[PDB]
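These notes concern the structure reproduced below.
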Amino acid sequence: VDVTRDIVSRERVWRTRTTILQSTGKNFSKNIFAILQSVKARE
Amino acid sequence: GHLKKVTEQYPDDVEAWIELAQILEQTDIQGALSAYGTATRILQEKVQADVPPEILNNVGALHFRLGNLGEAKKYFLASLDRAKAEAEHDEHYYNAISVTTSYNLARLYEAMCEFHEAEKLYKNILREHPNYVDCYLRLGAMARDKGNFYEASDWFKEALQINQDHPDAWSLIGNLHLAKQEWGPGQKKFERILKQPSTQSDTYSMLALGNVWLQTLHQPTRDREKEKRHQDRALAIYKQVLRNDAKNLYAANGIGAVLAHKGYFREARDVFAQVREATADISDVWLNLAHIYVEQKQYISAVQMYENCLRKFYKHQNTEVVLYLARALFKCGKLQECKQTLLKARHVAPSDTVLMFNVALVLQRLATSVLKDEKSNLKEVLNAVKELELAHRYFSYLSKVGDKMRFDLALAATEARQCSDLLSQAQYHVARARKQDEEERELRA
Amino acid sequence: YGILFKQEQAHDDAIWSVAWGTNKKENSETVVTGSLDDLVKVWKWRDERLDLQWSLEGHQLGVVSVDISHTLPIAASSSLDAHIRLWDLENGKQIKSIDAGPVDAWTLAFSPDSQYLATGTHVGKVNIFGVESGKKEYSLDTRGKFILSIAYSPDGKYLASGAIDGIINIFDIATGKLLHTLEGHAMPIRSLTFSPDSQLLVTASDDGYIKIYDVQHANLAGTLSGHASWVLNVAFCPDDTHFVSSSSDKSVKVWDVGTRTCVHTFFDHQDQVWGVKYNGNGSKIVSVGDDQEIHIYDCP
């Protein structure tokens, strides 16, 4: 039916699952994978 | 920038604020609310034209995320009225506007502690548009609240059948199996159905796999080179999701978890540092950070976290939180108050054996702490014997129970011998209590 | 509709139950409260003020339930200590101590005749002890998980039991036999009470839904959407016009038994309210909770 495309075409979804997953800020892996590799190196 | 430019000047602006809000929805909700507020009043000077229902619906939606639940409800009702007034707006489909307005209103009522009205409104949507998904799923969630085997489990699968290409529905199907973890290894298949490249990349399902693979941890079979491989597989999943997304907090969370399991608590704090700094308002981070603290002989820094996690309006006495609360407590305030919280927990559900065992253990700890090296107040010696007797009765009772905490409690015999020699010591120290009594007596004389 | 009295720091420890009388047998004027501080405080609600009258002790563990005999001015208090101790409000003295060992002791249930005392059992049965005997007279052979709530009908015709999994067991105190087993809930039933007319049965499950069923034909009379947290305690207005609900969200909702509508709500408790009870007329509604403050709510 047309109702589906009628609604989905005008609505807006600001947040979804992945949006929840990522932090709102800027937290890159540079400060993380560094330790992730250091620990392995010691092992 | 363009909106900023137009805002200052007033070239008879009518719709500029509409755009302002339309952009600000993702950003600070209040900016959009203010934009809508000013826009509402800018639409009555040129003519006496009733505000279109869409704007009022959108502002009510903004409020819905806020505490203005009643105000948002009034907005939604007015939007429904106005949309109904749109008899000649078939091209704009006033019907769809009313549909979304009612959907939002039902969501609010479900959030307003009125599930009857939420169900009624969702069913009013269903009767007129069965091809819709979200309401069919919210009804299932509402029925799930009472129980996971009720029409929730059926409505979710039916929603998937009518739309198998809906990630939300399939993830919900994946969630159904979470209530019963007996599908530990088997839930991999149902969680890999939609991992096809067309759906990829999907971080939600990948993190679900990482979790269900982490759940397998905490077993005594690690020495069999089995839990190590599981750790390695989970770590690899986390690394991949980290590479493809460096801003996903949950990957870092799971990495910190596995490192703690690897024994790097001194190093677990650093990794959990970033996740906490991003957003500490997630149940898991509190508990993991408390785990690290309590591991370092810091109950001072752990009990507060456990309390804060319990500050949420979901429960008051959770069993797991208290179980993690009493780890190495030996101080006066961490034994008697530990008993208080233990009773609080067992109050909601006494059926657990672990509570009945920890209570007796702390009872014995206190009894020996006052009946071995004391030589303390007398009335305490009077109460210690009653406490030890109750601990002994519980020791007798706990032995007859079949199932245990995945570990048989046949090791209560040492507890019985401890209680026996404690009884002997108490019968010995009551004499000391009497001597102290006669001492204070001759003193006052 | 408001709050009359506000007792601050009513106890050292959190209060989990409250008992107030309804008859004229020197009970409606005295409020008996059981808290985790092992303090059975017999408050005399005299001069429209809550004044302490007795302070009974002896329970090793915190008080779990408190209730006043309908046809008698004495009371009793239980705890998880397996030592249900009877008390007399006339003198503030202990009558006896039923040692419901080793651990088998749960909330109390005064019979309307004030002759029998029902107690839940970990084995899932409901033991019926004698008030003047203290020995196990007869136990209801309806096993399962555990008895979480027991209530006596005001006229003593039926008796319902709330299990850990939303299983209502309708027994017959007239013959001590299980009549109906209403299973409209899957959540642990916290507490329940009979309507003043012994016609409706309210269930306080952990789903936030007040499903009021019918006892005569064991049917659901309607699903009512309560609070957001778990409904802890529930009581009927003695005139049988409304019923208060105590939940785990600092909310005291007075729902209408007839219209299933919230006639009023109180938010004066900073913590969760554990106990709510009416007055002998239904105007005053005493309330307890983790806040350790007794709030008397006046609803003329």
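Naming scheme: A, B, ... for chains in displayed order of the structure tokens; residues 1 onward per chain; ligands 1 onward as shown.
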Would you give me, as CSV, each residue of chain A having an atom within 12 Å of an atom of segment 54-61 of chain B, along with its shortest atom pair and that distance in Å to one decimal, using only C-alpha atoms and sorting by chain and residue number?
```
residue,atom,partner,partner_atom,distance
A:10,CA,B:54,CA,10.6
A:11,CA,B:58,CA,10.2
A:12,CA,B:58,CA,10.3
A:13,CA,B:61,CA,11.8
A:14,CA,B:61,CA,11.9
```
Shell of 9 Å around residue 14 of chain C, only C-alpha atoms, local chain residues under 5 positions omitted, as an MDAnalysis selection string: chainID C and resid 35:37 274 288:293
For chain B, which residues have at least one atom within 8 Å of chain C, if we go by only C-alpha atoms? Write them as a JSON list (two decimals) with C-alpha atoms, in the first residue's frame, please.
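After the write, part-v1.json holds the following:
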```json
[["chain", "number", "residue", "atom", "x", "y", "z"],
["B", 113, "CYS", "CA", 2.54, 4.21, 32.59],
["B", 114, "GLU", "CA", -0.70, 3.68, 30.60],
["B", 115, "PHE", "CA", -0.27, 0.48, 28.62],
["B", 116, "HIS", "CA", -4.01, 0.02, 28.13],
["B", 145, "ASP", "CA", 6.96, -6.85, 29.91],
["B", 146, "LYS", "CA", 4.60, -9.31, 31.61],
["B", 147, "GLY", "CA", 6.52, -12.27, 30.20],
["B", 313, "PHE", "CA", 14.23, 3.46, 38.88],
["B", 314, "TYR", "CA", 14.13, -0.21, 37.92],
["B", 315, "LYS", "CA", 14.66, -1.97, 41.24],
["B", 316, "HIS", "CA", 15.83, -1.39, 44.78],
["B", 351, "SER", "CA", 14.92, -18.73, 47.19],
["B", 390, "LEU", "CA", 21.02, -19.50, 63.66],
["B", 393, "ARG", "CA", 20.56, -24.08, 61.77],
["B", 394, "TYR", "CA", 21.21, -22.66, 58.31],
["B", 397, "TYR", "CA", 19.26, -26.60, 56.27]]
```
Gap from atom CA of residue 438 of chain B to atom CA of residue 420 of chain B - Å, one decimal: 28.1 Å
I'd like a table as a Markdown table: residues in chain A with an atom no more than 9 Å from chain B, each row giving the shortest atom pair and its distance in Å to one decimal, only C-alpha atoms counted, sorted by chain and rising residue number.
```
| residue | atom | partner | partner_atom | distance |
| --- | --- | --- | --- | --- |
| A:1 | CA | B:131 | CA | 7.8 |
| A:3 | CA | B:96 | CA | 6.9 |
| A:4 | CA | B:132 | CA | 7.0 |
| A:6 | CA | B:96 | CA | 6.8 |
| A:7 | CA | B:96 | CA | 5.8 |
| A:11 | CA | B:100 | CA | 8.5 |
| A:14 | CA | B:26 | CA | 5.9 |
| A:15 | CA | B:26 | CA | 8.2 |
| A:17 | CA | B:204 | CA | 6.8 |
| A:18 | CA | B:204 | CA | 6.6 |
| A:20 | CA | B:248 | CA | 8.8 |
| A:21 | CA | B:248 | CA | 5.4 |
| A:22 | CA | B:248 | CA | 4.1 |
| A:23 | CA | B:247 | CA | 5.8 |
| A:24 | CA | B:278 | CA | 7.6 |
| A:25 | CA | B:278 | CA | 6.8 |
| A:26 | CA | B:247 | CA | 6.7 |
| A:27 | CA | B:247 | CA | 5.4 |
| A:28 | CA | B:246 | CA | 4.9 |
| A:29 | CA | B:246 | CA | 4.9 |
| A:30 | CA | B:246 | CA | 8.4 |
| A:31 | CA | B:274 | CA | 8.9 |
| A:32 | CA | B:271 | CA | 6.9 |
| A:33 | CA | B:239 | CA | 8.5 |
| A:35 | CA | B:271 | CA | 8.1 |
| A:36 | CA | B:255 | CA | 8.5 |
| A:39 | CA | B:267 | CA | 8.7 |
```
Mind writing the picked residues with N, CA and C atoms as a PDB file, in the first residue's frame?
```pdb
ATOM      1  N   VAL A   1       0.846  -1.227   0.000  1.00  0.00           N
ATOM      2  CA  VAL A   1       0.000   0.000   0.000  1.00  0.00           C
ATOM      3  C   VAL A   1       0.866   1.256   0.000  1.00  0.00           C
ATOM      4  N   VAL A   3       0.605   3.793   2.006  1.00  0.00           N
ATOM      5  CA  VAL A   3       0.809   4.401   3.317  1.00  0.00           C
ATOM      6  C   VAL A   3       2.256   4.229   3.762  1.00  0.00           C
ATOM      7  N   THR A   4       2.840   3.061   3.491  1.00  0.00           N
ATOM      8  CA  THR A   4       4.222   2.811   3.888  1.00  0.00           C
ATOM      9  C   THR A   4       5.156   3.864   3.302  1.00  0.00           C
ATOM     10  N   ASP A   6       4.335   6.510   1.930  1.00  0.00           N
ATOM     11  CA  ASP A   6       3.862   7.835   2.296  1.00  0.00           C
ATOM     12  C   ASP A   6       4.510   8.315   3.584  1.00  0.00           C
ATOM     13  N   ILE A   7       4.674   7.424   4.557  1.00  0.00           N
ATOM     14  CA  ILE A   7       5.185   7.816   5.866  1.00  0.00           C
ATOM     15  C   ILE A   7       6.702   7.779   5.901  1.00  0.00           C
ATOM     16  N   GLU A  11       9.256  11.014   7.231  1.00  0.00           N
ATOM     17  CA  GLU A  11       9.728  10.944   8.601  1.00  0.00           C
ATOM     18  C   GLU A  11      11.236  11.166   8.657  1.00  0.00           C
ATOM     19  N   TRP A  14      16.533  10.262  13.856  1.00  0.00           N
ATOM     20  CA  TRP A  14      17.786  10.880  14.266  1.00  0.00           C
ATOM     21  C   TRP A  14      18.722   9.895  14.953  1.00  0.00           C
ATOM     22  N   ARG A  15      18.182   8.885  15.624  1.00  0.00           N
ATOM     23  CA  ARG A  15      18.987   7.923  16.362  1.00  0.00           C
ATOM     24  C   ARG A  15      18.541   6.509  16.029  1.00  0.00           C
ATOM     25  N   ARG A  17      20.296   2.075  16.308  1.00  0.00           N
ATOM     26  CA  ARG A  17      21.152   1.205  17.107  1.00  0.00           C
ATOM     27  C   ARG A  17      22.607   1.648  17.028  1.00  0.00           C
ATOM     28  N   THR A  18      23.128   1.791  15.808  1.00  0.00           N
ATOM     29  CA  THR A  18      24.536   2.137  15.658  1.00  0.00           C
ATOM     30  C   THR A  18      24.826   3.492  16.284  1.00  0.00           C
ATOM     31  N   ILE A  20      23.504   4.720  18.935  1.00  0.00           N
ATOM     32  CA  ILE A  20      23.720   4.429  20.346  1.00  0.00           C
ATOM     33  C   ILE A  20      25.103   3.838  20.542  1.00  0.00           C
ATOM     34  N   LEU A  21      25.517   2.947  19.641  1.00  0.00           N
ATOM     35  CA  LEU A  21      26.785   2.250  19.831  1.00  0.00           C
ATOM     36  C   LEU A  21      27.948   3.230  19.919  1.00  0.00           C
ATOM     37  N   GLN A  22      28.033   4.162  18.975  1.00  0.00           N
ATOM     38  CA  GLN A  22      29.137   5.109  18.948  1.00  0.00           C
ATOM     39  C   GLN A  22      28.935   6.194  19.991  1.00  0.00           C
ATOM     40  N   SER A  23      30.030   6.589  20.629  1.00  0.00           N
ATOM     41  CA  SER A  23      29.990   7.723  21.532  1.00  0.00           C
ATOM     42  C   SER A  23      29.741   9.006  20.751  1.00  0.00           C
ATOM     43  N   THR A  24      29.043   9.944  21.390  1.00  0.00           N
ATOM     44  CA  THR A  24      28.760  11.217  20.740  1.00  0.00           C
ATOM     45  C   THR A  24      30.023  12.031  20.493  1.00  0.00           C
ATOM     46  N   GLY A  25      31.084  11.790  21.258  1.00  0.00           N
ATOM     47  CA  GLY A  25      32.319  12.530  21.117  1.00  0.00           C
ATOM     48  C   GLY A  25      33.258  11.883  20.121  1.00  0.00           C
ATOM     49  N   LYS A  26      34.506  12.340  20.155  1.00  0.00           N
ATOM     50  CA  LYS A  26      35.555  11.866  19.256  1.00  0.00           C
ATOM     51  C   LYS A  26      36.581  11.108  20.095  1.00  0.00           C
ATOM     52  N   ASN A  27      36.397   9.795  20.191  1.00  0.00           N
ATOM     53  CA  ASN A  27      37.292   8.907  20.930  1.00  0.00           C
ATOM     54  C   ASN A  27      37.822   7.880  19.938  1.00  0.00           C
ATOM     55  N   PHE A  28      39.002   8.152  19.391  1.00  0.00           N
ATOM     56  CA  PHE A  28      39.574   7.287  18.374  1.00  0.00           C
ATOM     57  C   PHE A  28      40.303   6.114  19.021  1.00  0.00           C
ATOM     58  N   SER A  29      40.734   5.180  18.180  1.00  0.00           N
ATOM     59  CA  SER A  29      41.417   3.972  18.614  1.00  0.00           C
ATOM     60  C   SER A  29      42.904   4.191  18.851  1.00  0.00           C
ATOM     61  N   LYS A  30      43.424   5.376  18.527  1.00  0.00           N
ATOM     62  CA  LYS A  30      44.854   5.619  18.668  1.00  0.00           C
ATOM     63  C   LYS A  30      45.290   5.481  20.119  1.00  0.00           C
ATOM     64  N   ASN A  31      44.502   6.021  21.039  1.00  0.00           N
ATOM     65  CA  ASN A  31      44.783   5.920  22.462  1.00  0.00           C
ATOM     66  C   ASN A  31      44.379   4.571  23.033  1.00  0.00           C
ATOM     67  N   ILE A  32      43.825   3.682  22.211  1.00  0.00           N
ATOM     68  CA  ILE A  32      43.367   2.368  22.654  1.00  0.00           C
ATOM     69  C   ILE A  32      44.237   1.251  22.072  1.00  0.00           C
ATOM     70  N   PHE A  33      44.335   1.171  20.743  1.00  0.00           N
ATOM     71  CA  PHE A  33      45.127   0.099  20.157  1.00  0.00           C
ATOM     72  C   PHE A  33      46.576   0.171  20.603  1.00  0.00           C
ATOM     73  N   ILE A  35      47.740   0.602  23.716  1.00  0.00           N
ATOM     74  CA  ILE A  35      47.825  -0.307  24.850  1.00  0.00           C
ATOM     75  C   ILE A  35      47.476  -1.726  24.420  1.00  0.00           C
ATOM     76  N   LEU A  36      46.512  -1.865  23.502  1.00  0.00           N
ATOM     77  CA  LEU A  36      46.109  -3.198  23.060  1.00  0.00           C
ATOM     78  C   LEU A  36      47.295  -3.961  22.488  1.00  0.00           C
ATOM     79  N   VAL A  39      50.253  -4.578  25.497  1.00  0.00           N
ATOM     80  CA  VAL A  39      50.021  -5.732  26.359  1.00  0.00           C
ATOM     81  C   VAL A  39      50.430  -7.013  25.645  1.00  0.00           C
TER      82      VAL A  39
END
```
Shell of 10 Å around residue 259 of chain C, only C-alpha atoms, local chain residues under 2 positions omitted, as a list in words: residues 224, 241, 242, 255, 256, 257, 261, 262 and 263 of chain C
Could you write out the selected residues, including C-alpha atoms, as a PDB file, in the first residue's frame?
```pdb
ATOM      1  CA  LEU C 224      -5.287  -1.890  35.262  1.00  0.00           C
ATOM      2  CA  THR C 241     -14.649   2.591  47.253  1.00  0.00           C
ATOM      3  CA  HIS C 242     -10.957   2.762  46.366  1.00  0.00           C
ATOM      4  CA  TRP C 255      -6.631   3.786  42.167  1.00  0.00           C
ATOM      5  CA  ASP C 256     -10.404   3.527  41.884  1.00  0.00           C
ATOM      6  CA  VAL C 257     -11.643  -0.035  42.337  1.00  0.00           C
ATOM      7  CA  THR C 261      -8.622   5.306  37.470  1.00  0.00           C
ATOM      8  CA  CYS C 262      -6.014   7.047  39.600  1.00  0.00           C
ATOM      9  CA  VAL C 263      -8.011   9.389  41.813  1.00  0.00           C
TER      10      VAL C 263
END
```
Contact residues around residue 168 of chain C with only C-alpha atoms at 9 Å, ignoring same-chain residues under 2 positions, as a list in words: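 Non-adjacent residues within range: residues 160, 161, 162, 163, 166, 170, 180, 181, 182, 183, 184, 185, 189 and 203 of chain C.
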Every residue of chain A that DSSP places in alpha helix (DSSP H), as a VMD selection string: chain A and resid 2 to 8 17 to 21 30 to 42
Only N, CA and C atoms, please: the residues just picked out, written as a tab-separated table (two decimals), in the first residue's frame.
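Written out: out-v3.tsv:
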```
chain	number	residue	atom	x	y	z
A	2	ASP	N	0.25	2.39	-0.35
A	2	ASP	CA	0.96	3.66	-0.42
A	2	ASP	C	1.29	4.24	0.95
A	3	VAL	N	0.60	3.79	2.01
A	3	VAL	CA	0.81	4.40	3.32
A	3	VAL	C	2.26	4.23	3.76
A	4	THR	N	2.84	3.06	3.49
A	4	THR	CA	4.22	2.81	3.89
A	4	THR	C	5.16	3.86	3.30
A	5	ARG	N	5.25	3.91	1.97
A	5	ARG	CA	6.08	4.91	1.32
A	5	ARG	C	5.62	6.33	1.63
A	6	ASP	N	4.34	6.51	1.93
A	6	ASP	CA	3.86	7.84	2.30
A	6	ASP	C	4.51	8.31	3.58
A	7	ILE	N	4.67	7.42	4.56
A	7	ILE	CA	5.19	7.82	5.87
A	7	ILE	C	6.70	7.78	5.90
A	8	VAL	N	7.30	6.66	5.49
A	8	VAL	CA	8.74	6.52	5.59
A	8	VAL	C	9.46	7.61	4.81
A	17	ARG	N	20.30	2.07	16.31
A	17	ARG	CA	21.15	1.20	17.11
A	17	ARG	C	22.61	1.65	17.03
A	18	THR	N	23.13	1.79	15.81
A	18	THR	CA	24.54	2.14	15.66
A	18	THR	C	24.83	3.49	16.28
A	19	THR	N	23.89	4.43	16.17
A	19	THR	CA	24.08	5.73	16.80
A	19	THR	C	24.30	5.58	18.30
A	20	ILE	N	23.50	4.72	18.94
A	20	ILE	CA	23.72	4.43	20.35
A	20	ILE	C	25.10	3.84	20.54
A	21	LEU	N	25.52	2.95	19.64
A	21	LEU	CA	26.78	2.25	19.83
A	21	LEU	C	27.95	3.23	19.92
A	30	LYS	N	43.42	5.38	18.53
A	30	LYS	CA	44.85	5.62	18.67
A	30	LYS	C	45.29	5.48	20.12
A	31	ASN	N	44.50	6.02	21.04
A	31	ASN	CA	44.78	5.92	22.46
A	31	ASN	C	44.38	4.57	23.03
A	32	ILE	N	43.82	3.68	22.21
A	32	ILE	CA	43.37	2.37	22.65
A	32	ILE	C	44.24	1.25	22.07
A	33	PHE	N	44.33	1.17	20.74
A	33	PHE	CA	45.13	0.10	20.16
A	33	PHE	C	46.58	0.17	20.60
A	34	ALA	N	47.04	1.34	21.03
A	34	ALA	CA	48.41	1.44	21.54
A	34	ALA	C	48.61	0.50	22.71
A	35	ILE	N	47.74	0.60	23.72
A	35	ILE	CA	47.83	-0.31	24.85
A	35	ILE	C	47.48	-1.73	24.42
A	36	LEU	N	46.51	-1.87	23.50
A	36	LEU	CA	46.11	-3.20	23.06
A	36	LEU	C	47.30	-3.96	22.49
A	37	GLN	N	48.20	-3.26	21.81
A	37	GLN	CA	49.39	-3.88	21.25
A	37	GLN	C	50.53	-3.96	22.26
A	38	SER	N	50.63	-3.00	23.18
A	38	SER	CA	51.66	-3.06	24.20
A	38	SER	C	51.49	-4.30	25.07
A	39	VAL	N	50.25	-4.58	25.50
A	39	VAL	CA	50.02	-5.73	26.36
A	39	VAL	C	50.43	-7.01	25.64
A	40	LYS	N	50.04	-7.15	24.37
A	40	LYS	CA	50.44	-8.33	23.62
A	40	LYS	C	51.95	-8.42	23.50
A	41	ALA	N	52.62	-7.29	23.27
A	41	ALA	CA	54.07	-7.30	23.15
A	41	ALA	C	54.71	-7.84	24.42
A	42	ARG	N	54.22	-7.42	25.58
A	42	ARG	CA	54.78	-7.94	26.83
A	42	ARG	C	54.55	-9.45	26.93
```
Distance query residue 81 of chain B at most 9 Å, only C-alpha atoms, self and fewer than 4 positions along chain excluded, as a PyMOL selection string: chain B and resi 53+76-77+85-86+98
Output of the above residues as a JSON list (two decimals), in the first residue's frame, restricted to C-alpha atoms:
```
[["chain", "number", "residue", "atom", "x", "y", "z"],
["B", 53, "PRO", "CA", -0.28, 19.81, 12.51],
["B", 76, "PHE", "CA", -0.04, 15.44, 20.10],
["B", 77, "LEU", "CA", -3.77, 15.77, 20.76],
["B", 85, "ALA", "CA", -9.35, 19.21, 10.24],
["B", 86, "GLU", "CA", -7.28, 18.68, 7.06],
["B", 98, "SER", "CA", -2.30, 11.58, 12.01]]
```
Segment 363-368 of chain B environment, 10 Å, only C-alpha atoms, sequence neighbours closer than 5 positions dropped, as number ranges by chain: B: 330-332, 335-336, 339, 357-358, 373-374, 380-381, 383-392, 415, 418-419, 421-423, 425-426
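Using only C-alpha atoms, the residues found no farther than 10 Å from residue 113 of chain C, other than those of its own chain fewer than 6 positions away, are residues 69, 70, 71, 72, 154, 155 and 156 of chain C.
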Counting only C-alpha atoms, the residue of C:84, C:275, C:147, C:93 that sits nearest residue 117 of chain C: C:84
Computed interatomic separation between atom CA of residue 150 of chain C and atom CA of residue 97 of chain C (Å): 20.1 Å
